[PDB]
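*Asks:* Okay, here's the structure, questions in a sec.
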There are 4 protein chains.
Amino acid sequence: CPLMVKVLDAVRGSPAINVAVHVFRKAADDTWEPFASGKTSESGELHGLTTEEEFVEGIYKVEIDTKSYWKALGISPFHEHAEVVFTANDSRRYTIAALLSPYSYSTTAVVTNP
Amino acid sequence: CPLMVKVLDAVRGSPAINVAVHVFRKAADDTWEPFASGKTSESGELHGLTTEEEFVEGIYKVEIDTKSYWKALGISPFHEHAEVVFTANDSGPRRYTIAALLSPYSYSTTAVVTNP
Amino acid sequence: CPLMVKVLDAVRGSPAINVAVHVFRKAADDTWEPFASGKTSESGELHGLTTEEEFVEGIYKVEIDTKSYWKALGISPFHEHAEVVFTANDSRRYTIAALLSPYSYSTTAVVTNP
Amino acid sequence: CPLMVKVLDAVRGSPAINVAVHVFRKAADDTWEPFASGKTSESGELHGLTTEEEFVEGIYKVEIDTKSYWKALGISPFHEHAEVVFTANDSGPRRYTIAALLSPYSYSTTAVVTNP
Ligand SMILES: Cc1cc(OCC(=O)O)cc(C)c1Cc1ccc(O)c(Cc2ccccc2)c1
Ligand SMILES: Cc1cc(OCC(=O)O)cc(C)c1Cc1ccc(O)c(Cc2ccccc2)c1
């Protein structure tokens, strides 16, 4: 699929499982419209968010509900969520990886050619 | 000061200089209200965004304009910005440092929260 | 396999391909002895480093030749290499992930139960 | 001072305090010679490790004792330490800040290199 999300937990050294993830596309009036969502699997992965036909060029936001995830582990977190905003440009499979800690997160993009 | 932002460049091993930073606060009607903004200095620091009086409890969004930064350097980066969103001062006033590390296709953000 | 290495490139947004990786186990006299090595694949992965029988408890070092990798891209790097040192403890597949930038690197461990 | 180390804790959103740091320099015979060592302060900073005179060209290793840090907090971390290895002063004297961010199963390290 053209867009995949992979989330890891830096405290336990494991995939971040059952993390809610919502994806939005920016519309003509500059608001975010829901596009896709899911929960990460047992391997911290979220596949089948979209298809090639639907994933057109545009500005996308991937919002990862980190706060609910830490709350379920009984750990006080800093961030309300993690939000990754990017332009999808035709020329390409996107993997958005995120590494979570209660007071920090990192995100990287892996952009590859089939 | 109660809120400070520090930005580094992981390609150039230097502070990220002249990076625009915009801070918003969630209003009663659930919309983002403009709160303060500024530019990182030669040391990659942004001080003086706010005051103890003005920086009340709330949900804040710190948006770091990573894209314009990379573009001025001739790089086409992945992200539009780096965005940090947090509830501030929920148990009384704290001092927040938002530290960000930038690469063209990655960023990290961390918070240092201390009680004066 | 019990030990896997995955390396990403934060400058290009891609797997880090053809990165030399050497693994060492700490011996009784506190020196590092070569244990395994390889180069990352087209997907930035290095599999088949060791087997369950051979990967006993001990202190391991994973040395990732980041400097040669940046040099091949024509980019000046800071670090001589990236070196991840850990205790492998029985109770477990280890993924060591690393995210590379010329002046920074991060590494995380994903430790999972088959 | 020419070499400074700054350490943060990503679990506690605070400086990493009382972290041991050992610095070595590669000798002529290719072995690591002890160069300087110290403990991070209440701000997670380690200053005064060396001087401009003493900090000559060479390959240096900065070893941050992350394991003892986590253990004193009751965590069993993954890594034995965080180790940064770099050629220093190859085009003349520079000032180096080694910044590290710590989680039990992860760490990041970055370098800020400036020309006084
Ligand atoms: C907050 C701060 C105080 C500080 O005081 C030292 C000084 O400059 O005198 C120095 C620095 C480089 C910093 C910023 C800083 C420290 C560690 C660090 O890892 C980072 C960048 C970072 C940001 C997110 C994830 C990993 C790294 C910045
Ligand atoms: C481990 C892995 C598995 C994976 O699925 C395939 C597999 O499990 O073999 C896909 C990816 C991109 C990865 C690597 C990865 C996942 C999350 C993540 O945040 C990072 C980057 C990172 C690495 C170290 C420190 C901070 C951030 C890499």
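Just remember, in the structure tokens the first chain shown is A, the second B, etc., residues are 1-based per chain, and ligands are 1-based in the order shown.
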Any chance you could list, as a PyMOL selection string, the residues in chain B that come up strand (DSSP E) when DSSP is run on the backbone?

*Replies:* chain B and resi 3-9+14-15+20-26+32-39+45-46+58-64+82-88+95-103+106-114

*Asks:* Return as an NGL selection string the residues belonging to chain B that are within 9 Å of chain A, counting only C-alpha atoms.

*Replies:* :B and (59 or 77-88 or 103 or 105-112)

*Asks:* Deliver the residues from the most recent selection as a file, using C-alpha atoms, as an mmCIF file, in the first residue's frame.

*Replies:*
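Result saved to out34.cif:
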data_model
loop_
_atom_site.group_PDB
_atom_site.id
_atom_site.type_symbol
_atom_site.label_atom_id
_atom_site.label_comp_id
_atom_site.auth_asym_id
_atom_site.auth_seq_id
_atom_site.Cartn_x
_atom_site.Cartn_y
_atom_site.Cartn_z
ATOM 1 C CA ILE B 59 -3.332 23.321 25.505
ATOM 2 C CA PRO B 77 12.455 18.447 3.156
ATOM 3 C CA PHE B 78 9.680 15.933 3.873
ATOM 4 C CA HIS B 79 7.753 17.699 6.649
ATOM 5 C CA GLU B 80 5.768 20.915 6.402
ATOM 6 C CA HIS B 81 6.722 21.762 9.977
ATOM 7 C CA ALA B 82 7.480 20.229 13.352
ATOM 8 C CA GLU B 83 4.513 20.527 15.699
ATOM 9 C CA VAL B 84 4.518 19.977 19.454
ATOM 10 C CA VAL B 85 1.137 20.012 21.318
ATOM 11 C CA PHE B 86 0.913 19.824 25.071
ATOM 12 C CA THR B 87 -1.147 20.743 28.127
ATOM 13 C CA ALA B 88 0.815 23.399 29.994
ATOM 14 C CA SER B 103 17.008 16.454 9.472
ATOM 15 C CA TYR B 105 13.342 13.628 6.449
ATOM 16 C CA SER B 106 13.237 13.380 10.250
ATOM 17 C CA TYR B 107 12.792 15.382 13.395
ATOM 18 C CA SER B 108 12.786 14.709 17.073
ATOM 19 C CA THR B 109 11.281 16.784 19.835
ATOM 20 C CA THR B 110 11.672 16.642 23.576
ATOM 21 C CA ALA B 111 10.468 18.679 26.482
ATOM 22 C CA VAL B 112 12.345 19.750 29.591
#

*Asks:* Counting only C-alpha atoms and all ligand atoms, what residues are within 6 Å of ligand 1, given as a ChimeraX atom specification?

*Replies:* /B:6,99-101,108-110 /D:6-8,99-101,108

*Asks:* Restrict the selected residues to C-alpha atoms and save them as a compact mmCIF listing (two decimals), in the first residue's frame.

*Replies:*
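Just written: selection32.txt:
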# COMPACT_ATOMS: atom_id res chain seq x y z
CA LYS B 6 15.85 25.35 21.07
CA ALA B 99 14.11 21.10 22.06
CA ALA B 100 13.97 19.98 18.42
CA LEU B 101 16.57 18.24 16.26
CA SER B 108 12.79 14.71 17.07
CA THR B 109 11.28 16.78 19.84
CA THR B 110 11.67 16.64 23.58
CA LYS D 6 24.57 17.67 27.82
CA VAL D 7 22.21 14.86 28.74
CA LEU D 8 18.38 14.74 28.88
CA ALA D 99 24.01 16.27 23.37
CA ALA D 100 22.35 12.98 24.29
CA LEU D 101 18.69 12.11 24.85
CA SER D 108 20.06 9.71 20.40

*Asks:* Using only C-alpha atoms, which of the listed residues (C:113, C:14, C:37, C:66) sits closest to chain A?

*Replies:* C:14

*Asks:* Ranking D:102, D:115, D:97, D:62 by minimum distance to ligand 2 and counting only C-alpha atoms and all ligand atoms, which one comes first?

*Replies:*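 Counting only C-alpha atoms and all ligand atoms, the residue closest to ligand 2 is D:102.
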
*Asks:* Between D:16, D:64, D:75, D:1, single out the one closest to residue 50 in chain D, counting only C-alpha atoms.

*Replies:* D:1

*Asks:* Interatomic distance between atom 14 (C, counted along the ligand's line) of ligand 2 and CA of residue 104 in chain D?

*Replies:*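 Between atom 14 (C, counted along the ligand's line) of ligand 2 and CA of residue 104 in chain D the gap works out to 17.2 Å.
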
*Asks:* Any idea what's packed within 7 Å of residue 26 in chain D, counting only C-alpha atoms, ignoring anything in its chain fewer than 5 positions away? Could you give it as a PyMOL selection string?

*Replies:* chain D and resi 31-33+58-60

*Asks:* Take the residues from that selection and put them in a file with N, CA, C and O atoms, as an mmCIF file, in the first residue's frame.

*Replies:*
data_model
loop_
_atom_site.group_PDB
_atom_site.id
_atom_site.type_symbol
_atom_site.label_atom_id
_atom_site.label_comp_id
_atom_site.auth_asym_id
_atom_site.auth_seq_id
_atom_site.Cartn_x
_atom_site.Cartn_y
_atom_site.Cartn_z
ATOM 1 N N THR D 31 45.293 2.109 20.970
ATOM 2 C CA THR D 31 44.498 1.770 22.156
ATOM 3 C C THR D 31 43.805 3.031 22.688
ATOM 4 O O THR D 31 44.258 4.150 22.413
ATOM 5 N N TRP D 32 42.714 2.861 23.431
ATOM 6 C CA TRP D 32 42.039 4.000 24.071
ATOM 7 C C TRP D 32 42.728 4.444 25.334
ATOM 8 O O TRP D 32 42.731 3.714 26.303
ATOM 9 N N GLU D 33 43.299 5.635 25.345
ATOM 10 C CA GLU D 33 43.839 6.191 26.576
ATOM 11 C C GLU D 33 42.805 7.054 27.301
ATOM 12 O O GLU D 33 42.118 7.831 26.654
ATOM 13 N N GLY D 58 42.732 14.504 17.401
ATOM 14 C CA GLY D 58 42.771 13.062 17.654
ATOM 15 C C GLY D 58 41.403 12.454 17.487
ATOM 16 O O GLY D 58 40.476 13.149 17.096
ATOM 17 N N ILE D 59 41.291 11.148 17.721
ATOM 18 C CA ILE D 59 39.995 10.473 17.721
ATOM 19 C C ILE D 59 39.632 10.287 19.190
ATOM 20 O O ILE D 59 40.454 9.807 19.992
ATOM 21 N N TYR D 60 38.445 10.741 19.544
ATOM 22 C CA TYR D 60 38.013 10.760 20.940
ATOM 23 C C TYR D 60 36.798 9.873 21.095
ATOM 24 O O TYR D 60 36.022 9.727 20.145
#

*Asks:* Write down as a list in words the residues of range 3-110 of chain B whose backbone DSSP state falls under alpha helix (DSSP H).

*Replies:*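 In range 3-110 of chain B, DSSP puts these residues in alpha helix (DSSP H): residues 66, 67, 68, 69, 70, 71 and 72 of chain B.
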
*Asks:* Could you dump the residues just selected with N, CA and C atoms as an mmCIF file, in the first residue's frame?

*Replies:*
data_model
loop_
_atom_site.group_PDB
_atom_site.id
_atom_site.type_symbol
_atom_site.label_atom_id
_atom_site.label_comp_id
_atom_site.auth_asym_id
_atom_site.auth_seq_id
_atom_site.Cartn_x
_atom_site.Cartn_y
_atom_site.Cartn_z
ATOM 1 N N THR B 66 10.038 24.148 9.950
ATOM 2 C CA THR B 66 11.188 23.398 9.432
ATOM 3 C C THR B 66 11.334 23.515 7.904
ATOM 4 N N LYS B 67 10.212 23.524 7.183
ATOM 5 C CA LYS B 67 10.239 23.557 5.697
ATOM 6 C C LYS B 67 10.979 24.778 5.120
ATOM 7 N N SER B 68 10.646 25.986 5.600
ATOM 8 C CA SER B 68 11.329 27.202 5.094
ATOM 9 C C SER B 68 12.806 27.175 5.421
ATOM 10 N N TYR B 69 13.118 26.665 6.608
ATOM 11 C CA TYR B 69 14.504 26.473 7.002
ATOM 12 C C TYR B 69 15.289 25.632 6.000
ATOM 13 N N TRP B 70 14.827 24.400 5.734
ATOM 14 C CA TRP B 70 15.526 23.539 4.766
ATOM 15 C C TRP B 70 15.592 24.137 3.371
ATOM 16 N N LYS B 71 14.508 24.780 2.957
ATOM 17 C CA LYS B 71 14.428 25.354 1.602
ATOM 18 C C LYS B 71 15.452 26.465 1.356
ATOM 19 N N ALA B 72 15.588 27.385 2.314
ATOM 20 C CA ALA B 72 16.658 28.393 2.285
ATOM 21 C C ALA B 72 18.042 27.748 2.193
#

*Asks:* Of the candidates B:27, B:95, B:52, B:20, which shows the shortest atom-to-atom distance to chain D, using only C-alpha atoms?

*Replies:*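 The answer is B:95, which sits nearest to chain D.
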
*Asks:* Point out the residue among A:48, A:58, A:38, A:114 with the least atom-to-atom distance to chain C, counting only C-alpha atoms.

*Replies:*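 Of A:48, A:58, A:38, A:114, the one nearest chain C is A:114, counting only C-alpha atoms.
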